[PDB]
Number of protein chains: 2
Amino acid sequence: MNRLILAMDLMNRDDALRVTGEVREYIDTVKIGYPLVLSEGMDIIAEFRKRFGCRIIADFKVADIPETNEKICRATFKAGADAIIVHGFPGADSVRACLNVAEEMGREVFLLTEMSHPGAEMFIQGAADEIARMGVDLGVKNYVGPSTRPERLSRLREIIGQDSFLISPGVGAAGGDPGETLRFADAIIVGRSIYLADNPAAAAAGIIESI
Amino acid sequence: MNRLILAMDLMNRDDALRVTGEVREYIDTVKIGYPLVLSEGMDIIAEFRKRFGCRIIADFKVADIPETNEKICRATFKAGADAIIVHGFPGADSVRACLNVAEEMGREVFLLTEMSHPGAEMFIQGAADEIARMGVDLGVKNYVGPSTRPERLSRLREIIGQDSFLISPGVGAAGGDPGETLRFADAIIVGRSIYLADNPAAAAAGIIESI
Ligand SMILES: O=c1cnn([C@@H]2O[C@H](COP(=O)(O)O)[C@@H](O)[C@H]2O)c(=O)[nH]1
Ligand SMILES: O=c1cnn([C@@H]2O[C@H](COP(=O)(O)O)[C@@H](O)[C@H]2O)c(=O)[nH]1
């Protein structure tokens, strides 16, 4: 909805529920990561899904060996997540393990190819095109790419095709622009610009109207 | 969305996709049953979920022995359904088997307590209150009750409490009224009044505005 995904990284349940409820009319998809899950428990995923009737993407940056990745994905989907974000840099076998569980459980894998922060230029950027091509070869249809580098987002879009779904973080606080990012991504992920705002609903409304 | 769930019982993929796309702005939840699945395959569930970004309730009226019920639910959730409708009349063990799989896969079970058609008065109605109480005892939080008998829907709402989620079919073609049904149910299910209409979008819009 509105091509906007809320990155809910507040660490306490009450604040997370308050902000998510305030901006629900503008979204239908919430990205929940370890900051909230490690503080309040995996049960928070089912609670959000039920209370807000939104889709939940678990941003767990899965980056282990195949066998452990299988275990992490199974627990995550058992908890009710609709999709999970997985790193591609640990290799194809590690990604395939995630895809196997998603297939078994009727869920989806998002492949993270290039990250949005400054440090991403050190090692990830140099491998990003190859990671995206690996995703295509494995049948991945959902990807994550950087708002902070639209030229890289364009290159990623080029590799994955127009039929793949691409979401992009780094919007707002990290420097990314909503409109420019949406020239290439299907949806933008926004965390701090909304959840640290004095009026999260007004902040979400502003982003939606700017695009 | 709009407390309206589309019962997509057309049997061919092209017509089903056309009508669902035409009314998508009014809904966010589609009920898919055997008329469409047995004609086009279980893969239609993932296709709808992806193409329309809606939640999918599989109306499979699960009504077998525990072991078979477990198999049916597993295949259904593997196919991507968010929830499954199960009959309560075959007993508690049969329902528990469904709840066990839903727990394993992070999904939901809707318990059907009293049906909406005339024949429901023969045997189901007499057992309906006990079936609803069984659901409460088993921890069921989602229920299906009849639009065609609001006094029975009221009795069912009484047993399950205000915190349980109740959806109700029999609206329109079978005689049920949207507004009266919503006095007790959280959402109404509508099939033919929308999918056989000359203008499904206008029909959906009319129902939404009447409530
Ligand atoms: O390359 C990536 C991948 N993931 N995220 C995540 O997306 C969200 C962005 O939040 P922000 O809007 O507050 O910067 C956070 O949950 C963060 O972990 C990034 O920021 N960059
Ligand atoms: O008690 C019940 C349970 N399920 N349904 C189902 O709900 C839908 C109602 O469709 P309709 O609006 O076309 O009558 C159909 O898929 C039907 O199998 C009923 O009608 N009554």
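Protein chains get the first letters and strands the later ones, always in sequence-line order, with residue 1 at the start of each.
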Just by modelled atom types, is the A:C54 backbone N or O under 3.5 Å from a matching donor or acceptor in the B:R55 side chain?
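Side chain of B:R55 to backbone of A:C54: a pair is present.
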Return the option, out of B:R49, B:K50, B:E103, B:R107, with the maximum number of heavy-atom pairs under 4.5 Å with chain A.
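Option with the greatest count: B:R49.
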Take atom CG of B:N12 as the centre, draw a 6.0 Å sphere, and report whether it contains more than 12 heavy atoms from other residues, nucleotides or ligands.
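Counting neighbours around CG of B:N12, more than 12 heavy atoms of other residues, nucleotides or ligands fall under 6.0 Å, so yes.
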Does a sphere of radius 6.0 Å around NZ in A:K61 hold more than 12 heavy atoms from other residues, nucleotides or ligands, not counting ones at 6.0 Å or beyond?
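Count over threshold, so yes.
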What closest approach, in Å, do A:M105 and B:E104 show between heavy atoms, and which atom pair accounts for it?
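What the structure gives for the nearest pair is CE-O, 3.7 Å.
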Chain B contacts: which residues in residues 71-97 of chain A have a non-hydrogen atom closer than 4.5 Å to it?
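Within residues 71-97 of chain A, the residues that come under 4.5 Å of chain B (heavy atoms only) are A:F77, A:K78, A:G80, A:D82.
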